[PDB]
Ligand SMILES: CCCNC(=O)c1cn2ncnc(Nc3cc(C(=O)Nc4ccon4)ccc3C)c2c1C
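Have a look below at one chain only, the form deposited without this ligand, in structure tokens format.
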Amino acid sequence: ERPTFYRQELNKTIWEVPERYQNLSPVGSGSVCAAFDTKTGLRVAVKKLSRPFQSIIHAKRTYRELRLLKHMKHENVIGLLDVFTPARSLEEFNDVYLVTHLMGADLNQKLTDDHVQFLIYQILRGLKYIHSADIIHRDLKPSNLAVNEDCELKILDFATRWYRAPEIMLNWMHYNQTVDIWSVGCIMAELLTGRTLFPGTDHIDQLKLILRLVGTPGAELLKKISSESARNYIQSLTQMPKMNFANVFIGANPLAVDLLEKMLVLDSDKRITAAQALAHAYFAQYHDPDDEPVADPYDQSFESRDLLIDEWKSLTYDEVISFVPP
């Protein structure tokens, strides 16, 4: 059966939610309220989408977000606890609310090596799963990594470009999933040193900092560059050698440094993958190959479709109705 809702007034909006969700307090601005799910005993975030069907693009984005959240079923990836609408029918369907775990903190005095191992391990475990679904995150950074008290980590979907892969800043397109491994390297570096690895003031400054660490592109990488203007600029640069990372990450676990060398490679084809990284000896204490699950195939065929608002809205409604809680 359908739950009983109650109506409230906060975030300048009316919130109509099932009564299981109690003591809503605004937390951010769609807008989010913290709540207590009386059914499960969990603290949750309830997000009321703003303007979900205002236009074709908003409607497709709303669908996109719901299909994504519904697919993600992994300990280290945010998942969907509930989705609801106060609407009794498609004709009434105007609002969408998404319920997830309420996380206390994000990753944004030094962490111990054991602790850095555990955090990066969980990132990589989550990323193996996301990548197995043929999804690329593209914006992994400390504000998209939630942690609880137990140091248990989840990757979030959610201006900083300090963790962005160099190919993205050069507008490459054709991105590999290993864009996300570059970002993991930057995050890991900062957990080890307590400072931003590549704190650029603009994208050129950032690229300059990257090249100083990893060196200018070698002939092997140049062979794969089709952009004539890019090639021309690159070969005009003073040749800089790759720094030895041990002399940059002083005192870090040698295994950490080794792993960083494998993540922070300019050529995206030569970067370690998430699945490979989980088997690296830095993670020996956490790695369990029978407990690093992969995702069912994720149908992103809708991305190639151009539909009407009402069609995206009906598809979304179908997804609300068919939701089954975890």
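Residue numbers here begin at 1 and follow the sequence given. Rigid core (definition): largest C-alpha set, two forms, superposition within 1.5 Å.
The discussion below concerns the form deposited with this ligand bound, not included here.
J.: Where this ligand sits in the entry with it bound, superposed onto the shown form by the site's C-alphas, are 3 or more of its atoms within 2.4 Å of backbone or C-beta (blocked), or none (open)?
T.: Blocked pocket: the modelled ligand, placed by site superposition, has 3 or more atoms clashing at the 2.4 Å cut-off.
J.: Which residue among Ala87, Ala252, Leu213, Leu156 has a heavy atom within 4.5 angstroms of this ligand in the entry with it bound?
T.: Of the candidates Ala87, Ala252, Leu213, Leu156, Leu156 is the one lying within 4.5 Å of this ligand in the entry with it bound.
J.: Could you work out which of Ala295, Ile56, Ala275, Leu69 is the residue within 4.5 angstroms of this ligand in the entry with it bound, going by heavy atoms?
T.: By the 4.5 Å criterion, the partner-contacting residue is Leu69.
J.: Should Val27 be classed as touching this ligand in the entry with it bound when contacts are defined as heavy atoms within 4.5 Å?
T.: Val27 belongs to the contact set for this ligand.
J.: Tell me, yes or no, whether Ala105 is in contact with this ligand in the entry with it bound, where a contact means a heavy atom of each within 4.5 Å.
T.: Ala105: contacts this ligand in the entry with it bound.
J.: Should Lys242 be counted as a contact of this ligand in the entry with it bound, where contact means heavy atoms within 4.5 Å?
T.: Outside the cut-off, so no.
J.: Heavy atoms within 4.5 Å of this ligand in the entry with it bound: does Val257 have any?
T.: Because no heavy atom of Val257 falls inside 4.5 Å of this ligand in the entry with it bound, the answer is no.
J.: With the rigid core superposed, which of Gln239, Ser143, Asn244, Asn148 has its C-alpha shift by 2 Å or more between the shown form and the other one?
T.: Comparing the C-alpha positions, the one residue that moves 2 Å or more is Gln239.
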